[PDB]
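> Sharing an experimental structure here, sequence included.
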Amino acid sequence: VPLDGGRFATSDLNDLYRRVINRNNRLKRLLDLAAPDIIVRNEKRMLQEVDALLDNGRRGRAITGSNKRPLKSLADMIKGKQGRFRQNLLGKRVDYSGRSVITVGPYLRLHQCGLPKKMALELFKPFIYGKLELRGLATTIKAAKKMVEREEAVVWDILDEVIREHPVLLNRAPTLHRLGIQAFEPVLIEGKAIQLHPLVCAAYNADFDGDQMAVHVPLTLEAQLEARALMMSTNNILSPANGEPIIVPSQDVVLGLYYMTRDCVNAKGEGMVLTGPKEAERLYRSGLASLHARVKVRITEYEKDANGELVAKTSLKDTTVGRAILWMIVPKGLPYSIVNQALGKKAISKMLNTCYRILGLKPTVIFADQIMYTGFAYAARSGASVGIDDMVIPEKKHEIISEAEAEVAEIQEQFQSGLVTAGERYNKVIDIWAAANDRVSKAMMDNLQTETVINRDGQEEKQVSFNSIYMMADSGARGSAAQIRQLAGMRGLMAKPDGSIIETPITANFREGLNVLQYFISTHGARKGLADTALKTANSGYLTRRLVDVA
Amino acid sequence: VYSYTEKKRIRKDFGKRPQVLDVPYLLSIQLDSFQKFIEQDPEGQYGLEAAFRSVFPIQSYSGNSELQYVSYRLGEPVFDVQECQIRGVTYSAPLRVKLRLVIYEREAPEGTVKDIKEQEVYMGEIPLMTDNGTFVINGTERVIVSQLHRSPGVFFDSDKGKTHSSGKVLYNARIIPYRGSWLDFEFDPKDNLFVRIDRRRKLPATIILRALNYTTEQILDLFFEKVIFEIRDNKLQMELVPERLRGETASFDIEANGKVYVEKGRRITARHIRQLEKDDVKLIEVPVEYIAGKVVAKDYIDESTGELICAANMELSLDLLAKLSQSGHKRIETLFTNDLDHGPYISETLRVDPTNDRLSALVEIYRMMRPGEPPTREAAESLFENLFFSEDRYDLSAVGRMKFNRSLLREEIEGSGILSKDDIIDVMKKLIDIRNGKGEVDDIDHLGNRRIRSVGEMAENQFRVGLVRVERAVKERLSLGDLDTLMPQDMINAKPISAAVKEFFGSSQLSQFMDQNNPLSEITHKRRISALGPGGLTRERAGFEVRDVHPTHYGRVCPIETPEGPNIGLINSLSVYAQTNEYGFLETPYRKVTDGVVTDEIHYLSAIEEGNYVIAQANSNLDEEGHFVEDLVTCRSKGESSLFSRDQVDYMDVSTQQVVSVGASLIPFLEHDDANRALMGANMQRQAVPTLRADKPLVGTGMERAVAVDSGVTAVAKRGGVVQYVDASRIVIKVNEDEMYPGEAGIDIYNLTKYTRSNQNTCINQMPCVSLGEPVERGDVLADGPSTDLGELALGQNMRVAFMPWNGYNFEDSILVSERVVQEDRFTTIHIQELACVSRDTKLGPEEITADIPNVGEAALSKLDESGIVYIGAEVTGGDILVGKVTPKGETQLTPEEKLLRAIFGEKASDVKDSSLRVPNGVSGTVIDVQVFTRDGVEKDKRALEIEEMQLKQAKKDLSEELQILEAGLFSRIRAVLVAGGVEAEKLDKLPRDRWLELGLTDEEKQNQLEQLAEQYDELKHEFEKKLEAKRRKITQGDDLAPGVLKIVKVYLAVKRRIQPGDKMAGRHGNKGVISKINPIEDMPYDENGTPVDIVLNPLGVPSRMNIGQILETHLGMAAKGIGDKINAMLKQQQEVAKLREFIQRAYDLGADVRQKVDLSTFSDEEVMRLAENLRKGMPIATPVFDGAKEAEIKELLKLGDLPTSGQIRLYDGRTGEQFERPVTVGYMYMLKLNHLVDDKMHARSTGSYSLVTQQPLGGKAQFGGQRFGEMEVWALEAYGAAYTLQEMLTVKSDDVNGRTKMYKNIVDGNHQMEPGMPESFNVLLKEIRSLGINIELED
Amino acid sequence: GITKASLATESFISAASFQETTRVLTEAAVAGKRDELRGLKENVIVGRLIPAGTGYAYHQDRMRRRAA
Ligand SMILES: [Mg+2]
């Protein structure tokens, strides 16, 4: 191929064939001349080194190019991850595609994804050409091309027509399991970023810190019918690994629901009687009564005890205002006890699973959308911040540290007098620091989870707390009881690179801050964890490749 | 006491520990290395002179012909810096070398020569280094990153693993020289000693012992201890050394002098040994069965018959004992072998030794080194005696000699660069010692065994690589032909040296594009330590152990800043105070600790001295006298950290924050975050794009000043004085009298860098900060650059944040942004792009840059002038003409029916084709600058004439102006001088400046300094003339270009990328995020005073990622803006100077026990008002990294304002207008903006181009190409029932070269049919397999 | 083991796609084998309908037409 500016690019096979034809011609000329047998034997060995053309670098060493690199023969054009098989015949590059950053956009229904107008204008170019030519708004196709180049105002309604019931495909780069590619209807966006529904970020394993996704377009009728029947988002709500749903509300919505369904022991308007959940809504938004206050309401729950026929049952349940507000979301066939609790994350996943197994699929998908909407709304209405006063340090911590220091001093004196062994003092120190860490964790949790003390019409009472970090941990909304105690209690005992455990653990928390030595000890564990999470990916991908090629 | 540049925004500080060391000049490693490399060094220690004296003189092969070295000189660069950036060539300098060719006379080898010649030889061009440690190579600015490599010297490394399932340990000593061959020894699982050279096939290590001209007897003499037997006319008795019986159980009763020492059956006790020592026991009779276990030492031949009774290394049997007994060999030599102390590894290796003499060993090593060829006597002898004894092919090193002699415990630090016999002797002895047990293994990750080599050493090595080639060429040429009387130039050659050095600087693994998008980015990319590149390892063969941190990283390498993902722990950066030793080991300071007093003298400590000492901790409280105020200190002695006493301290740490990098030291509250998020924050800090109006850090560390000044972006005054005239382009300083040299006229002129591009297309630009007539001092900032602000680094802007979930729009990590941010235009960044349009020379003819193009109307041609290049300052958009370029077209081979249409209309198609450059789609900006180059022979067009005229007039004007101001200053100084000694006060200004420089005076040095200033004036005008001629010739001369090109037009765009949903914004603690929506003002949550909050983050990101530092930063920022708001409201109505004095002093005296007494009694009602005006946007707060600002100080600072101590204030709601319960944290967080802009990511492709050999679309978005539909996507589609989607996913849409055209016709015809065909790349596979003898075919 | 039983396959394109290609091709060539394109890797490589998902009915129709 002629490069611009009088340069020439060729493959190495031209050089290899040049070599073989040259040596063959030379041998022809030698056989004309009746050369000495040493000469013709040397020439035949040179002609044998055919071997380079077929598979260079197998026998002996590989002849190299002008850049002194082993050039590529035919077997290197077939084999390898750069050969035809893995790189060009199994995975191709495709027309009608594009990519961008992703953003949240919670106003979507879950069967539709946001998409910028410019990406729609680029991907659906020939559909637009055909539609414009059919409507008689451009005489030819050339005029249609120049019309969409000028972005004249009638092209957008044509784009809206051809975008109507036309699915697209969304995909993120580590496509581990079959939920990696899903279909979506588009809704056009006056931006530049793909808006993707928040409930499926768990399935995509996508977080919005700059992750990118690629769009694909199905062209033919069979492909669009496949995208609507199989790969549509509302048809993949259960994991193929196990029957648990994959549309679990993830972190914010579950916090909102957890805050919505609890019970302060004495809030505004406790002990009144409500005549239906609509009255609970009115009593809340007018502000006359709190979101959580124990209130006797009347509700009606429908049960399908008959042969697939709902049967009404109405009574006087004893619940809170927030729960009775949430009850206007649940469809007909579910018993009331599904929303009569604190509504954590396992609880809401089980609620969705029960709705799926009792009602069907359509009410469950509508229930999922309504759940996400109300979760976001009351999470924002909570005002759940996180402040430096929301990390309570238990006041017995330094005393526990002092007593553990006394114990380690005693064991140090015992080994100084030689009464014990080195491994003995090692395990004595390691066990007393383990015991002290456990006791300080107990103290922190018992001072954090339940210290709230409020007074209903009398002396005093203790309840579970609204100390926002405790909500973010107990609700299941992305917080673990093992990632607290690194904010209040001691940070445990870190490990040296050998795999042993340091004798003196880091006894400082992120509220009080570490000093230089403790931080430098803590650095190694983070670096080792980062390296392992970097190098586990290759082994996992290799294992998946082996398994999908054996089955 | 602060300078005038510091009395503007004097930053409030919180550091408790009084630092005692200034932060060193942050680039001194890079600058000092290249300063060593090129410098007139009048001895051959380091530098070019070292390479020359290590490779010159050259002697022909006894041809009496000598080429010898004299000196060298570095020339003036032809093109300076900005010219090299504009044009595109390396900022180099010629290397003129004086060489001498001399030929000796006949039978006078040491006699005098008969002829000399001295010719100044040009040998290539070396690139030079700008004054910020950056090289200019091909128009760009490249940095060479220092390498971390395994040290030259011995290594007694073990194996230490299982590695055989034998459960044994293998001690494999290894020698690495700086230039030469490796020499490895290792034991085998059968504990025999081996050897290998350069990782070849194994050999038993006796071969080199013999090859060192040693026979068996001296080998066993050196490597074992003799045991001597004395035939006392009977019984074969043996003498004794009492130590030899330790840890043994003798089979008999050890008895002598009629005294029982050891019983039979009893072991020889320690007190048995003591009794033997005290009782002076020398010789005993032993049972004859003891000797039968021995191995004989030497050769005891038959003295009578001249025959062998026993050679060396023979186990003995009792009949042979009688045979040596009857031969009268009374003294018998044996060995003291053992199971514990003296292992018989050399003895057993000699048993498996297949050699007998030196020649057998040399033949064996000749075979092992090179297979196939027959052995030869002289070839093998020369090979072995040349391999490890030549100055040529084996340079150990100077540092190699030092470390080798240290690790061998030999005293002398300096010796030969080649290996002698004793060195291998002691290496063998110490390896045997380690296998026995006395001795310790070494390790690789310890930083006492890894050096740091920088651009000086690598450039020196590449230069030596060039020189050996040119020396071999000379030795070829000097041998042949003639004597001659030839001139010492034609045997030398420039290209085989300049080629080597240019291939180093041009494309190594280390010379890369400098990320130039932040002063911090440049600083942390010049101090980078890489373990990759030549002489090191690769990421595909790097074990986890070298990736890990090590206890010897404390203050030599930052442990928390490292690129994550593909290569962690290989690109570790460098600490703040971490210097570099003389040899190249890393070094760090410590304060000297006396008996109990901390002395503020500084001692630098290397990597191996830091173990034997005891090092205190920088967080140790001391009370005014250097005594530790406690009775204990948390020291660190050898890896561990043990609570030592007050007396056993030898060294104290220097400053609290010497454990981190520079990039990670700009994170406030670093001591609170988890190290993962600290890593991500310190890695995202070096990606912030400089915004339009860089604001401040509201909560900064306190070390932004040093980073801003030490990076090269700001312009720092070199001599203090008055500022005389300030443009937006230049700054003129009149210098003070005392700082003025007696010679010249002193004014300074700085020329700022207005709106040029950078390697990442961001707009590096400077603006002045001082005003007219305002004093400056030596070292102040005069011009902030990108991301600087009054000499402080400001990488972003600080905005009001509130942590609350808000209607899903900040779900996972998204960052809701108010419209006030974009309305105030405060995250807007400016980009600058470069567009090139060549004009090549086709075979059909040359293309033109004419304005006339076919098929385009006047809408495109409205913005081109008559020559055809776009105007300066034309608001172009996407897809518009810039450089009208047409190309000739041959025939086009016209076709059916459009032939008939041409017959209908007659509008003939032109023979030219439109191929003009147009603006890439999606961008829009103003054209700021047009550059035109041309080949020398081509006649230039009109626009090139306009540009050359404008450039010439600009250059003449600027040079004339510079001469004008310089002479203005010179004559003002003359006017000041002439007052003294014969004052012409009114007389002087009567006459003009014609003869002021010649007037008489009192005959002092100023009388013969008026003439000095006059000669300065004459030299100034002559220099002006010659420089003007040079500059005019440089402008008007043609520019050399690529072959077969005519002219290049470079057009510069300036986009103004605003902000949009999709951009990535990060905090400082590594909380990234992508903006999801831009709400209006009214919808944002507003607090009780009406002020809308500005960014609504997500709270759930804190307690799982644990970066609790950002919350304390938010609180402290709220306190800072509170004090700024209070002082702004105080300044709103004009109150009083002393009221502001009172409040500012009270704000500067929080809290308890800080440094920085900053009292305002010495400020004089102008600085106070200027300080108050510069403070009104918020009082900046400092926080040194690990010294920190404790929580109670934040509480009382908030209480100084009226803000609540809890840090949380109730926010109302924007839309409903009701109240959020549970009041929410608000405050001022410093927020960045990374350059992962969305519009640089988003792209699509309907039907673009296609690849040539395999009909597939192209790569990513540069050539408008589609996405990679990976193998895993195919698995996913197979998992569903989707079949047709896969079929069109890999046949119609990609490769079926008829199917896609049929698909396009079907789609635009409104009928979504498909027609499969067969994939093209499969057919290519069919041809590739069928190219062999593999007949593969389809059949039915 | 899976990496061993993933190579004793009757199809040879399904073997040559995932392993060292040289040995597979040479053994197939001396064998003179005849792949029938039954699995999924083969029909992906030649780019016709997968005999698993939606294309199962089409492939059943083709087999019904074949040899009948
Ligand atoms: Mg992510």
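In hand now; what should we look at? Numbers count the residues shown, from 1 in each chain, chains lettered A, B, ... in the order given.
> Let me see the contact set for residue B:1186.
Going by CB atoms under 8 Å, 6 or more residues apart in numbering or on different chains, residue B:1186 touches A:515-516, A:519, B:618-619, B:656-657, B:659, B:670-671. All C-beta atoms are positioned from the backbone trio N, CA, C, and that covers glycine.
> For chain A, which residues are neighbours of chain C?
A:55, A:75, A:78-79, A:83, A:85-86, A:89-90, A:222, A:226, A:545-547, A:549-550 (CB under 8 Å from any CB of the partner chain).
> Looking at these, which are in strands?
Of the positions in these, not one sits in strands, assigned by DSSP state E.
> For the residues you listed, pick the one with the most neighbours.
Among the residues of chain A next to chain C, residue A:226 has the most neighbours (other CB atoms under 10 Å in any protein chain shown), with 25 neighbours.
> separation between that one and residue B:1280?
8 Å (CB to CB, to the nearest Å).
> need the residues of chain C near chain B, please.
Proximity of chain C to chain B (CB under 8 Å from any CB) is limited to residues C:25, C:29, C:40, C:44-50, C:52-56.
> Restricted to helices, list the residues you listed.
In helices, judged by DSSP state H, the following of these are found: C:25, C:29, C:44-45, C:56.
> Filter the residues you listed down to the buried ones and express that as a ChimeraX selection.
This is the ChimeraX syntax for the buried subset of those, where burial follows 16 or more other CB atoms under 10 Å in any protein chain shown:
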select /C:25,29,44,45
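> and which of the ones in helices among the residues of chain C next to chain B is nearest residue B:646?
Nearest to residue B:646 out of those is residue C:44 (CB to CB; 76.0 Å).
> Filter the contacts of residue B:1186 down to the ones in helices?
Those of the contacts of residue B:1186 mapping onto helices are A:516, A:519, per DSSP H.
> What is the end-to-end distance of stretch B:56-71?
This stretch, stretch B:56-71, spans 11 Å end to end (CA to CA, to the nearest Å).
> Pull the residues that contact that stretch.
B:52-53, B:97-106, B:109, B:113, B:118, B:471, B:474-475, B:478-479, B:483, B:488, B:491.
> Next, the buried residues of that stretch.
If you call a residue buried by 16+ other CB under 10 Å, then stretch B:56-71 has these buried ones: B:56, B:58, B:60, B:64-67, B:69.
> next one: stretch B:192-210
For stretch B:192-210, by 16+ other CB under 10 Å, it's B:193-197, B:203-210.
> next one: stretch B:894-905
By 16+ other CB under 10 Å, stretch B:894-905 has no buried positions at all.
> Quick one: residues in contact with that stretch.
Counting by CB under 8 Å, 6+ apart, B:908-909 sit against stretch B:894-905.
> Please compute how far it lies from its chain's middle.
65 Å (CA atoms, centre = their mean, to the nearest Å).
> do the same with stretch B:377-395
Here stretch B:377-395 is found 37 Å from its chain centre; the criterion is CA atoms, centre = their mean.
> CA atoms only for it, dumped as PDB, please.
The C-alpha atoms that make up stretch B:377-395 are tabulated as PDB, following Å, rounded to 0.1, in the frame of the first residue of the first chain:
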ATOM      1  CA  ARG B 377      43.900 -24.100  22.500                       C
ATOM      2  CA  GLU B 378      44.500 -20.400  21.900                       C
ATOM      3  CA  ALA B 379      40.800 -19.600  21.300                       C
ATOM      4  CA  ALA B 380      39.700 -21.100  24.700                       C
ATOM      5  CA  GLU B 381      42.600 -19.600  26.600                       C
ATOM      6  CA  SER B 382      42.100 -16.100  25.100                       C
ATOM      7  CA  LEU B 383      38.300 -16.400  25.700                       C
ATOM      8  CA  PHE B 384      38.600 -17.200  29.400                       C
ATOM      9  CA  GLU B 385      41.500 -14.800  30.200                       C
ATOM     10  CA  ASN B 386      39.700 -12.100  28.300                       C
ATOM     11  CA  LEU B 387      36.200 -12.600  29.700                       C
ATOM     12  CA  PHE B 388      36.800 -11.700  33.300                       C
ATOM     13  CA  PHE B 389      40.100  -9.800  33.200                       C
ATOM     14  CA  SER B 390      39.600  -7.200  30.500                       C
ATOM     15  CA  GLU B 391      39.000  -3.500  31.100                       C
ATOM     16  CA  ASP B 392      37.300  -3.800  27.800                       C
ATOM     17  CA  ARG B 393      34.500  -6.300  28.300                       C
ATOM     18  CA  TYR B 394      34.200  -6.200  32.100                       C
ATOM     19  CA  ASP B 395      33.800  -3.000  34.100                       C
END
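> List of residues touching the strand ranked longest in chain B?
Longest strand in chain B, counting residues (DSSP E): strand B:92-104. The contact list for strand B:92-104 (CB under 8 Å, 6+ apart) reads B:64-77, B:111-128, B:483, B:486-488, B:492.
> Can you tell me how far residue B:984 is from residue B:967?
19 Å.
> More neighbours: which of those two?
A count of neighbours by other CB under 10 Å puts residue B:967 above the other of residue B:984 and residue B:967, at 17 against 14.
> From the contact counts, what lies against the strand or helix carrying the more buried one?
Per DSSP states H and E: residue B:967 is located in helix B:942-979. Counting contacts by 3 or more CB pairs under 8 Å, 6 or more residues apart in numbering or on different chains; DSSP states H and E, helix B:942-979 packs against strand B:747-751, strand B:925-934, helix B:1007-1036.
> May I have the strands that pair with the helix or strand just after the shortest one, each with its orientation?
Right, strand B:747-751. Downstream of strand B:747-751, the next assigned helix or strand under DSSP H and E is strand B:767-768. Here strand B:767-768 is paired, per DSSP bridges, with strand B:781-784 (antiparallel).
> now the helices for the stretch 601-750 of chain B?
Per DSSP state H, counting those that start in this stretch, the stretch 601-750 of chain B carries helices over the ranges B:609-612, B:675-684, B:704-710.
> mind checking which of these is nearest chain A?
Closest approach to chain A among those is made by helix B:675-684 (3.7 Å; CB to the nearest CB).
> Using CSV, write out every CA atom in that closest one.
Provided in CSV are the C-alpha atoms of helix B:675-684 (Å, rounded to 0.1, in the frame of the first residue of the first chain):
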residue,chain,number,x,y,z
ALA,B,675,-4.7,4.5,52.1
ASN,B,676,-6.8,3.3,49.1
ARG,B,677,-8.7,6.6,48.9
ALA,B,678,-5.5,8.5,49.7
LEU,B,679,-3.9,6.8,46.7
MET,B,680,-6.8,7.6,44.5
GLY,B,681,-6.8,11.3,45.6
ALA,B,682,-3.1,11.7,45.1
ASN,B,683,-3.4,10.2,41.7
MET,B,684,-6.4,12.3,40.7
